[PDB]
Structure formats: structure tokens, C-alpha cells
């Protein structure tokens, strides 16, 4: 069969249903959580993940793709507990989340032994369990394409050609990282249709977004609610204009919501100023309503949240 699910039997990609392609049940810094655990409360972290999933499903969400990996505190056992209490289709991934340099472990190690880490997760299981990864997550940001970042990228390029699984990327919309991720992965033999260049919905600079979509890769309008990168309105006018231009087949929409996140910028007291209406159901309360009283039919909605996720994992 097609797609691995956490705590469940793998599914035919055709049975994915309404999908949020980019959502985090919980993120934290492994290093920080290992050394200072007094800072965390996994009971509040569970109550939060459950409730945010329990809802969403009430809105008809069938599948959630969670791109929490190394650097973000992936926890297959925690994810597995959420599933028990909600019964959601959850897809976990492999990969490394860095902006500048890889952890020391990787000093003098090759691109391949990084790839073998991803491949291990996709074929054997993740973290001692038999739950396999469904995708590879890689990142790049303000610092640009460093030598270490380029390694994690080329490692993914190998994991894809090996396990066929798709590649999700985190990028900076204002600096070209997204185009570089696509540009490198493609030149390594990866099918553009298997790459989701992420966080492209942070810029209202459409000409750019289009070139990434014109080069065959899915465009991620995936941080709805985080006004600090770009407010809801300018995101909605950006999607819309793209759909109207006939790009609804590359468009993939999500929140990037973290039911719990230890990043300081995310202190439950910068919320009102940085990301006021940010949750895992904001597209149902704003985006979808907005897009339908604006000349976009249920068939296009189905293309974005159903057909596109399916194509991505097929």
C-alpha cells in the first residue's frame, strides 16, 4: 500500500481524505528538554494536542501530516498516544531541521550516512517502533544555503530516489531558499511533483511563488494564522489570485499550528500581537469561507485539500 500512518495500518493514498499537510502536534528542542525537563508539562502537551485534533476532525479533517523531525523534537510514542485518543490519520516524517549547521555528531560524516538515517526511518521504523516515516523534511532560512544545509538537502534527494516518499521543505519566502531547495533536489534526480516548497505564503510576491509552481513543485501556503510572517488578509488575497490564475493544482494550504511549542517567540503572551487568530481550524473559520464567496467552488477546494495531498503521496 501507499502511505504509512502512526498507530495504524498504512493507507491507499486515495483514502487520505481532507488533509492538513503541515501541522505540529508538539515541537521542542531535544537538547533543551533533555537537560531541563522542569520547563515542560507533557500532560498539558497532551490535552492540547488531543483537543486541537478532536476539533479539526469536527470540521472534517481526515488526515494530518506532521513534519516534526530532528531539531523539532519528534516523538513517535507521543504521536502514537494522540492517535489512540482521537483516531486521526497521522503521517510522521524523517529529516533534519537546521538553519546553519548540523549537530556535532555529523562532523566528518558523509551525505550518505545522513541519508541512511532517513531511509532507516522509512523502512525499519522510527525511534525503536515500527511506525514508518512517510516523507522527508528539510529546512533553510535567513542564513541561506549553508554547506551543512546543502547536505541535508542532498541526503533527502537520496531518500526519495530510494523510498520514493515525498519531500517537504521549510524555506524563507523573501530570500530564495525555496527556489534553491527545488533547484538542487531537481538536479539530483528528484521528481518536482514530489516536492512541497514550504512557507511560500509568507510573501505576497506572487511572481516568485509562480516560478516555483511553474517548475513543477507544490507551493505551500502553509502558515495561516501566523500574522507575524504575513497577516490572514494578505494571505487570502494571495491564494485567491493564484487560484484565479489557475494554480489551484499546486496550491497546498495549512496552518503550521503547534499545539505546544517551546520557542520563546511563541510565549502565550505575544499571541495577541504576533498571531492572534492562530489555531488548527483557522482555514475553516476564515480562508474557506472567504474563498467560496469569491468564485471558488467545492471542486477546487477538493483539489487543494484532497487531490493535491493525494498526488503528493502517490
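Positions refer to the first chain, counted from 1.
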Stretch with the greater mean C-alpha B-factor as recorded in the entry, comparing 168-176 against 107-115: 107-115
Residue range whose averaged C-alpha B-factor is higher in the record, 234-242 or 87-95: 234-242
Highest recorded Cα temperature factor - choice among 277, 26, 62, 255: 277
Which of 101, 188, 80, 222 ranks first by CA B-factor in the deposited coordinates: 188
Relative C-alpha B-factor of residue 181, binned into the chain's lowest, middle or highest third: middle
Third of chain Cα B-factors occupied by residue 75: lowest
Chain-wide C-alpha B factor ranking for residue 162, given as lowest, middle or highest third: highest
Residue 14 - which third its CA temperature factor falls in, relative to the rest of the chain: middle
Cα B factor band for residue 201 (lowest, middle or highest third within the chain): middle
